[PDB]
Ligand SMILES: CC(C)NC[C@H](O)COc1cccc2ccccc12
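Only one chain is included here, represented as structure tokens and corresponding to the form solved without the named molecule.
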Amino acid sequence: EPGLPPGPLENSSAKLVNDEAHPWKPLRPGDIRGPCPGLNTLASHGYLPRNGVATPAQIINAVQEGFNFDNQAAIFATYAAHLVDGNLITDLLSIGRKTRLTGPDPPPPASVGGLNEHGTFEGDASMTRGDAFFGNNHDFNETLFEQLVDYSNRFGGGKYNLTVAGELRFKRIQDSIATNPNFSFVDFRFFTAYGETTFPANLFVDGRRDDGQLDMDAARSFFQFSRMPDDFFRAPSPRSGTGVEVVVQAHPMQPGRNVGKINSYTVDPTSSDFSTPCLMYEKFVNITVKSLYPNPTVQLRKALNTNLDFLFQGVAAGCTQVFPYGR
């Protein structure tokens, strides 16, 4: 059916998104927020359900409407997250912690852990969240945010921009290598870790300006409080990871991992990287999804195949679809 998954916006102009129909509200008891400042902000303004549990279609519509996230990027991220962290039978995903609100769980080894689940979507060297190894991969960390402010002062004239992103991304990688014996920086996380550092410059900057320079009040508002600036206009066109190549090239890194000790970063020659986007997709579906759903029942297999078809619609690179559970 058309509109499943949601298609691109009919009208993708800049407009007021912090409007009277979408007020910021504080959390009620039980409301879930997680490691994504974008989704957190959409939930706290009511572009998504305010309790932080949503369907993939709700998430895709929200990121497009609220931030002008581009359609393919929205589809890929949402169905990737849903496949590994969401309930495929009830069609619900938590944007944070695991919750009974996503419905009766599937059999092990599937975890349905929400976006807080480490190593599926969420991973190491986040800008404002700590690595899961240290015990909290989802809450805003003030010390890490102050480092973002310091890098913005040093490389962005007090604003966050792609130059700042290139330097901060590398700093966070180096700090995880030095401190986290389980540091993993391969495949899907290698991709998302770099792309996410562009998002504040591309999507948190008011759309009437759209100059790639994010002020620190706005940065704190999104990253800490899940709140849009007063009178915030979304970006004037659909985008996501514009300029990711600049961030990647600031300090070229190979994908790899620490091997159970600090300072043991070992390149993984089997990992995808930005030269092999189709390999990233194929490994995600053949390996990561299969590790959660190795031998699904008929009902789960059907749900997997539908969501995998939707995932493939989000692949922006020139790739062939693969079928880990046949056709």
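Sequential numbering from 1, following the sequence displayed.
Note that the form solved in complex with the named molecule isn't included here; everything after this is about it.
None of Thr99, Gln254, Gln224, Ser237 but one reaches within 4.5 angstroms of the named molecule in the deposited complex through a heavy atom, and that residue is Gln224. In the deposited complex, the named molecule sits within 4.5 Å of a heavy atom of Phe274. Residue contact with the named molecule in the deposited complex: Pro294 places a heavy atom within 4.5 Å of it. Taking non-hydrogen atoms only, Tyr47 never approaches the named molecule to within 4.5 angstroms in the deposited complex.
Residue contact check for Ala219: none of its heavy atoms lie within 4.5 Å of the named molecule in the deposited complex. With contact defined as any non-hydrogen atom lying within 4.5 angstroms of the named molecule in the deposited complex, the contacting residues in 187-207 are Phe191, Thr192, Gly195, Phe199, given in sequence order.
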